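Undergrad: Attaching a single structure in structure tokens format; questions to follow.
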Protein chains: 2
Amino acid sequence: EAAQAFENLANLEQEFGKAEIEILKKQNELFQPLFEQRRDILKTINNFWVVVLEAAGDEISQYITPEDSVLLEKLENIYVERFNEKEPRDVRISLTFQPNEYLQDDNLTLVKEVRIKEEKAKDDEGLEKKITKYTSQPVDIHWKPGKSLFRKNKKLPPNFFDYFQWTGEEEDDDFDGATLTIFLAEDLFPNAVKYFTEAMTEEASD
Amino acid sequence: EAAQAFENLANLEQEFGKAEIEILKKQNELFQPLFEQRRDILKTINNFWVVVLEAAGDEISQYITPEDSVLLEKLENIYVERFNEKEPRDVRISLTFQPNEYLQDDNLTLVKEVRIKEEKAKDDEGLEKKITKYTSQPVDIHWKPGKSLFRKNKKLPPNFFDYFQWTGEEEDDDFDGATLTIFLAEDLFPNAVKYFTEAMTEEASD
């Protein structure tokens, strides 16, 4: 009776979806006020977020170049927020910088908005398959002269700030912005103080 | 002022922890009847779980031996229960088998209970650090004569069923049971249908 089983599984997957949506809303309700309070504290701590970014594992460190790191020292805060009620997986990632040698003063807050939507795509023999698609508008950054950290061609390996130009709309792209978005929103941001504290208690190699 | 900030962060971490526990409880509350209904369905689909296990990736395949596969061909269900009301991260993982040549009939359900616990240890500086530890009691499997898949000693590269002998309290066993527990409970079990459907896709184009 496999036909019935898999039809029932499909029905059940829909219920799982509705439950996940309820959980996301509950999560946003409980954690956002705490993240807001945390944000006010973290802004007072020198180099908090650059230490966190470089201690969070390979998913981030694979992108961070020495030139990136210098700018990130002026990163005052990172905030992550699920802003779209009608699409609760959508995330806004905001980086707030102090004045620095890379960014013009009228562009010290870098905002990345990632739309995360259920889509479908024909597979093998033309069967529809549910996929979660991650897309975003490209974010133009007002770099000071000679200080742009945007690659112009994809011969160059992507650095951290290439994330802002990632759209998720290119078959081309080698930059896995979807995985980075998930890591930032679900791992790095919620566990920031732990990452910082672990980094501040790291020992030498010798 | 670093001192006041970090004191405040530590207090806030406690609130984050409480929120996290509440979310996990809510998540279990919504997902449990759905996973239970799914379990009854999957029970009817022969070789569902061996296909899922073989499609899971290196996290599983690194343990799977030819003899493991034979026994896993008789695997009827994998069920994950968060049984501890106080600690929603605790998991009871049950592997149910059809009658086979490896297991005595009185031991066709292999139950693994893994308990987590926020522990504490001093670093070389002298300061206590918070460490999340995964522990479990060894499970006595009633093998049929000369069919034990437990390794003789902690020397030969471990197979999948050595997991039931993993405790997490041995100073050096090479079996990373903590990672396997997490993968089973958070990845393989929730995404099982997708793993199965995808595997069936791929071996239908060949």
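Residues are referred to by chain and number: the chain letter is A, B, ... according to the order shown in the structure tokens, the number counts from 1 in that chain, and ligands are numbered separately from 1 in the order shown.
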I'd like a table as JSON lines: residues in chain B with an atom no more than 9 Å from chain A, each row giving the shortest atom pair and its distance in Å to one decimal, only C-alpha atoms counted, sorted by chain and rising residue number.
TA:
{"residue": "B:1", "atom": "CA", "partner": "A:44", "partner_atom": "CA", "distance": 7.6}
{"residue": "B:2", "atom": "CA", "partner": "A:45", "partner_atom": "CA", "distance": 6.8}
{"residue": "B:5", "atom": "CA", "partner": "A:41", "partner_atom": "CA", "distance": 6.1}
{"residue": "B:6", "atom": "CA", "partner": "A:41", "partner_atom": "CA", "distance": 8.5}
{"residue": "B:8", "atom": "CA", "partner": "A:41", "partner_atom": "CA", "distance": 7.7}
{"residue": "B:9", "atom": "CA", "partner": "A:38", "partner_atom": "CA", "distance": 7.0}
{"residue": "B:10", "atom": "CA", "partner": "A:193", "partner_atom": "CA", "distance": 8.7}
{"residue": "B:12", "atom": "CA", "partner": "A:34", "partner_atom": "CA", "distance": 7.3}
{"residue": "B:13", "atom": "CA", "partner": "A:193", "partner_atom": "CA", "distance": 8.2}
{"residue": "B:15", "atom": "CA", "partner": "A:34", "partner_atom": "CA", "distance": 7.7}
{"residue": "B:16", "atom": "CA", "partner": "A:34", "partner_atom": "CA", "distance": 7.1}
{"residue": "B:19", "atom": "CA", "partner": "A:30", "partner_atom": "CA", "distance": 6.4}
{"residue": "B:20", "atom": "CA", "partner": "A:27", "partner_atom": "CA", "distance": 8.4}
{"residue": "B:23", "atom": "CA", "partner": "A:27", "partner_atom": "CA", "distance": 6.4}
{"residue": "B:26", "atom": "CA", "partner": "A:23", "partner_atom": "CA", "distance": 7.3}
{"residue": "B:27", "atom": "CA", "partner": "A:23", "partner_atom": "CA", "distance": 6.3}
{"residue": "B:30", "atom": "CA", "partner": "A:19", "partner_atom": "CA", "distance": 6.2}
{"residue": "B:31", "atom": "CA", "partner": "A:16", "partner_atom": "CA", "distance": 7.1}
{"residue": "B:34", "atom": "CA", "partner": "A:16", "partner_atom": "CA", "distance": 7.0}
{"residue": "B:35", "atom": "CA", "partner": "A:16", "partner_atom": "CA", "distance": 8.9}
{"residue": "B:37", "atom": "CA", "partner": "A:12", "partner_atom": "CA", "distance": 8.2}
{"residue": "B:38", "atom": "CA", "partner": "A:9", "partner_atom": "CA", "distance": 6.9}
{"residue": "B:41", "atom": "CA", "partner": "A:5", "partner_atom": "CA", "distance": 6.0}
{"residue": "B:42", "atom": "CA", "partner": "A:5", "partner_atom": "CA", "distance": 7.7}
{"residue": "B:44", "atom": "CA", "partner": "A:5", "partner_atom": "CA", "distance": 7.7}
{"residue": "B:45", "atom": "CA", "partner": "A:2", "partner_atom": "CA", "distance": 6.8}
{"residue": "B:123", "atom": "CA", "partner": "A:201", "partner_atom": "CA", "distance": 8.3}
{"residue": "B:124", "atom": "CA", "partner": "A:203", "partner_atom": "CA", "distance": 8.6}
{"residue": "B:125", "atom": "CA", "partner": "A:201", "partner_atom": "CA", "distance": 8.4}
{"residue": "B:129", "atom": "CA", "partner": "A:198", "partner_atom": "CA", "distance": 8.8}
{"residue": "B:193", "atom": "CA", "partner": "A:9", "partner_atom": "CA", "distance": 7.9}
{"residue": "B:201", "atom": "CA", "partner": "A:124", "partner_atom": "CA", "distance": 7.4}
{"residue": "B:202", "atom": "CA", "partner": "A:124", "partner_atom": "CA", "distance": 8.4}
{"residue": "B:204", "atom": "CA", "partner": "A:124", "partner_atom": "CA", "distance": 8.4}
{"residue": "B:205", "atom": "CA", "partner": "A:124", "partner_atom": "CA", "distance": 6.7}
Undergrad: Any chance you could export the current selection's C-alpha atoms as a compact mmCIF listing (two decimals), in the first residue's frame?
TA:
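New file result.txt:
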# COMPACT_ATOMS: atom_id res chain seq x y z
CA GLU B 1 33.39 49.35 31.39
CA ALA B 2 34.07 45.72 30.61
CA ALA B 5 28.98 44.60 30.65
CA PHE B 6 30.17 41.00 31.00
CA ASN B 8 25.15 41.78 32.47
CA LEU B 9 25.85 39.46 29.54
CA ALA B 10 26.10 36.48 31.89
CA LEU B 12 21.21 37.67 30.08
CA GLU B 13 22.68 34.31 28.99
CA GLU B 15 17.45 34.26 30.31
CA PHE B 16 18.45 33.06 26.84
CA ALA B 19 13.85 30.86 26.56
CA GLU B 20 15.70 28.15 24.64
CA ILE B 23 11.16 26.84 22.74
CA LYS B 26 7.09 23.87 22.59
CA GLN B 27 8.80 22.33 19.57
CA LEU B 30 3.98 20.25 18.37
CA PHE B 31 6.23 17.73 16.60
CA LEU B 34 3.37 14.28 13.96
CA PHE B 35 6.50 12.14 14.37
CA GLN B 37 1.91 9.43 13.12
CA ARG B 38 4.87 9.35 10.73
CA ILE B 41 3.40 5.08 8.34
CA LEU B 42 7.14 4.38 7.88
CA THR B 44 4.83 -0.17 6.52
CA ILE B 45 7.50 0.93 4.05
CA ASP B 123 41.05 25.66 32.24
CA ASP B 124 44.81 26.19 32.58
CA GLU B 125 44.11 29.76 33.70
CA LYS B 129 34.21 26.93 31.79
CA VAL B 193 11.32 11.33 4.08
CA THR B 201 15.12 9.98 -7.37
CA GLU B 202 18.82 9.53 -7.91
CA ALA B 204 15.82 6.06 -10.84
CA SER B 205 17.85 8.10 -13.33
Undergrad: Per DSSP on the backbone, filter region 2-194 of chain A down to the residues in helix (DSSP H, G or I) and report them as a PyMOL selection string.
TA: chain A and resi 2-42+48-53+58-61+66-72+105-107+160-165+177-188+192-194
Undergrad: As a PyMOL selection string, please: all residues of region 72-186 of chain A that backbone DSSP puts in strand (DSSP E).
TA: chain A and resi 75-81+91-97+109-120+130-136
Undergrad: Identify, on the basis of only C-alpha atoms, every residue whose closest approach to region 131-135 of chain B does not exceed 6 Å; exclude the query and any residue fewer than 4 positions from it along the same chain; express the result as a ChimeraX atom specification.
TA: /B:114-120,167-168,178
Undergrad: One decimal, Å: what's the distance from CA of residue 14 (chain A) over to CA of residue 47 (chain B), could you say?
TA: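 So the answer is 23.9 Å.
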Undergrad: Which residues are near residue 55 (chain B)? Cut-off 9 Å, only C-alpha atoms, ignore same chain within fewer than 2 positions. Put them as a PyMOL selection string.
TA: chain B and resi 50-53+57+60-61+195-196+198-199
Undergrad: Write to file, as a compact mmCIF listing (two decimals), in the first residue's frame, the residues of the selection just made, with N, CA and C atoms.
TA:
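As a result, selection08.txt now contains:
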# COMPACT_ATOMS: atom_id res chain seq x y z
N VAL B 50 16.99 1.84 5.81
CA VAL B 50 18.31 1.49 5.29
C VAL B 50 18.65 2.39 4.10
N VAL B 51 17.64 2.75 3.31
CA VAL B 51 17.84 3.69 2.21
C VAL B 51 18.19 5.07 2.76
N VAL B 52 17.48 5.50 3.80
CA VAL B 52 17.76 6.79 4.42
C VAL B 52 19.18 6.81 5.00
N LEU B 53 19.54 5.76 5.74
CA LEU B 53 20.87 5.65 6.32
C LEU B 53 21.98 5.68 5.27
N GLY B 57 24.97 10.33 4.23
CA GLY B 57 26.26 10.96 4.00
C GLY B 57 27.39 10.30 4.75
N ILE B 60 27.30 8.90 8.56
CA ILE B 60 26.84 7.54 8.80
C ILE B 60 27.75 6.50 8.14
N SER B 61 28.08 6.73 6.87
CA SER B 61 28.79 5.74 6.07
C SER B 61 30.19 5.43 6.60
N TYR B 195 15.25 12.51 2.60
CA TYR B 195 16.39 11.65 2.28
C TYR B 195 15.96 10.47 1.41
N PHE B 196 14.86 9.83 1.80
CA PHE B 196 14.37 8.66 1.07
C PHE B 196 13.93 9.03 -0.34
N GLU B 198 14.69 11.62 -2.15
CA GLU B 198 15.85 12.05 -2.94
C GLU B 198 16.67 10.87 -3.42
N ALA B 199 16.86 9.88 -2.55
CA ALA B 199 17.62 8.69 -2.91
C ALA B 199 16.92 7.90 -4.00
Undergrad: For residue 142 (chain A), please output as a PDB file with C-alpha atoms, in the first residue's frame all residues within 12 Å (counting only C-alpha atoms; exclusion window: fewer than 2 positions along the same chain).
TA:
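Everything below was put into result.pdb:
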ATOM      1  CA  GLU A 101      38.879  54.083   6.378  1.00  0.00           C
ATOM      2  CA  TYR A 102      36.784  51.740   4.212  1.00  0.00           C
ATOM      3  CA  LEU A 103      33.229  53.100   4.338  1.00  0.00           C
ATOM      4  CA  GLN A 104      31.928  56.587   3.606  1.00  0.00           C
ATOM      5  CA  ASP A 105      30.188  58.137   6.627  1.00  0.00           C
ATOM      6  CA  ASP A 106      26.778  58.072   4.935  1.00  0.00           C
ATOM      7  CA  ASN A 107      26.995  54.289   4.714  1.00  0.00           C
ATOM      8  CA  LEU A 108      28.050  52.981   8.134  1.00  0.00           C
ATOM      9  CA  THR A 109      25.100  50.614   8.443  1.00  0.00           C
ATOM     10  CA  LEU A 110      25.137  47.703   6.012  1.00  0.00           C
ATOM     11  CA  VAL A 139      23.598  45.803  -1.722  1.00  0.00           C
ATOM     12  CA  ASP A 140      25.686  48.605  -3.186  1.00  0.00           C
ATOM     13  CA  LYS A 144      36.054  55.049   0.076  1.00  0.00           C
ATOM     14  CA  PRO A 145      38.504  55.358  -2.865  1.00  0.00           C
ATOM     15  CA  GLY A 146      40.732  52.296  -3.269  1.00  0.00           C
ATOM     16  CA  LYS A 147      39.089  50.505  -0.332  1.00  0.00           C
ATOM     17  CA  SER A 148      36.374  48.423  -2.015  1.00  0.00           C
ATOM     18  CA  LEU A 149      36.160  44.836  -0.797  1.00  0.00           C
ATOM     19  CA  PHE A 150      33.903  43.759  -3.678  1.00  0.00           C
ATOM     20  CA  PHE A 164      26.353  41.848   0.222  1.00  0.00           C
TER      21      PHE A 164
END
Undergrad: Quick check, in Å to one decimal: how far apart do CA of residue 82 (chain A) and CA of residue 36 (chain A) lie?
TA: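 Value for the CA of residue 82 (chain A)-CA of residue 36 (chain A) distance: 13.1 Å.
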Undergrad: Distance CA of residue 17 (chain B)-CA of residue 171 (chain B), one decimal place?
TA: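 CA of residue 171 (chain B) lies at a distance of 28.2 Å from CA of residue 17 (chain B).
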Undergrad: Taking 2 positions as the minimum chain separation for residues in the same chain, which residues sit within 10 Å of residue 94 (chain B) when counting only C-alpha atoms? Answer as a list in words.
TA: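 Residues near the query, excluding close chain neighbours: residues 77, 78, 79, 80, 81, 91, 92, 96, 97, 109, 110, 111, 112 and 113 of chain B.
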Undergrad: Compile the contact shell of residue 153 (chain A) as a ChimeraX atom specification: residues with an atom at most 12 Å away, counting only C-alpha atoms, same-chain residues fewer than 2 positions apart removed.
TA: /A:150-151,155-158,162,165,172-174
